[PDB]
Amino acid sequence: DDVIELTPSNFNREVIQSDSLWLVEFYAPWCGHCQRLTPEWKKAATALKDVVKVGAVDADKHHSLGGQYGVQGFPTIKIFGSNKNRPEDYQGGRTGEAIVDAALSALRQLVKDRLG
């Protein structure tokens, strides 16, 4: 698939040091809504290929990464825009269509930030 697996080891290099818009899903493998989100997350990652980076963190395994970003419930989706130290929460529907729309909106902001 087109989803990037993120871990404590590669998160800084892949996300924090990136000029790209990133969407990151923090999940647990046992979580039902995480399981349901998986094929939709994949669909959004493929639609956004080479436009927005789409990653996932097993925040049950890497609970330190989850704790750093204040992950409570699963799945938690964070949008990392211009300032990679200030991710925002995506709390819209967990469908490819809703996710892509939020991604394109955040992408607009990222590009406006660059332009200005």
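Numbers for residues come from their place in the sequence shown, where the first is 1.
- Judged by mean Cα B factor in the deposited record, 91 to 99 ranks above the other of 20 to 28 and 91 to 99.
- The mean C-alpha temperature factor is higher for 62 to 70 when 62 to 70 and 76 to 84 are set side by side.
- Among the modelled residues of its chain, residue 111 has a C-alpha B-factor that falls in the highest third according to the deposited record.
- Among all modelled residues in its chain, residue 53 ranks in the lowest third by Cα B-factor.
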